[PDB]
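I have placed the structure first, in the form of structure tokens, so that the comments after it can refer back to it.
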Amino acid sequence: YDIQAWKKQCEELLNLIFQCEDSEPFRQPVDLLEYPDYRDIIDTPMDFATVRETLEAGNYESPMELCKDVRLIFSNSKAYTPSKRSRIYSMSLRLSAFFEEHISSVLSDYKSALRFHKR
Ligand SMILES: CCN(CC)c1cc(C)nc2ncnn12
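Residue numbers (UniProt numbering): 1316 to 1434.
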């Protein structure tokens, strides 16, 4: 019932994601000169370095907020892809499956800890 445990669990998951070759296109903000129209399509850019820095700054209050930002990385990739068969979009689908598989227990444990605190 540790209410704070999610933070280190998210740091460890981000470390695994950074080790994944599939995270390469998502480690830093999208290159705006390589894709000059990016901001015409994407309203809120997001990347894993921004997520890690927000976490390390103490600017996430819960793992749900971190999860919303990570999911935004994947929805931005889906929105920008010209095809569902593209290389970068295909990498995002595998990385999303990996992330969802590992974040599920982090969210469940945090929500359970909060419920115990208010029992
Ligand atoms: C600029 C956005 N990026 C990288 C996240 C791209 C680029 C290309 C070429 N294909 C893509 N398919 C999905 N996202 N995507």
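Here a beta-carbon is modelled for each residue, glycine too, at the ideal position from N, C-alpha and C.
- Taking C-beta atoms as the reference points, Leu1348 and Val1366 fail to come closer than 9 Å.
- In the assembly as shown, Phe1389 is a buried residue. Its beta-carbon has 16 or more other beta-carbons within 10 Å.
- Distance from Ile1418 to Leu1331 at the Cβ level is roughly 11 Å; contact not present, criterion being Cβ atoms closer than 8 Å.
- Unbroken alpha helix (DSSP H) stretches of 4 residues or longer found wholly inside the UniProt domain "Bromo 2" (1316-1421): 1321-1334, 1353-1356, 1363-1371 and 1378-1395, given in chain order.
- Contact check for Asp1362 against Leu1410 fails: the beta carbons are separated by 9 Å or more.
- The alpha carbon of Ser1423 has as its nearest neighbour, out of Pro1378, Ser1405 and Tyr1353, the alpha carbon of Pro1378.
- Collapsing the DSSP output to three states places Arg1430 in a helix.
- For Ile1318, same chain residues with a beta-carbon under 8 Å away, outside a window of 5 residues either side, are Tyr1425, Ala1428, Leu1429 and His1432 in chain order.
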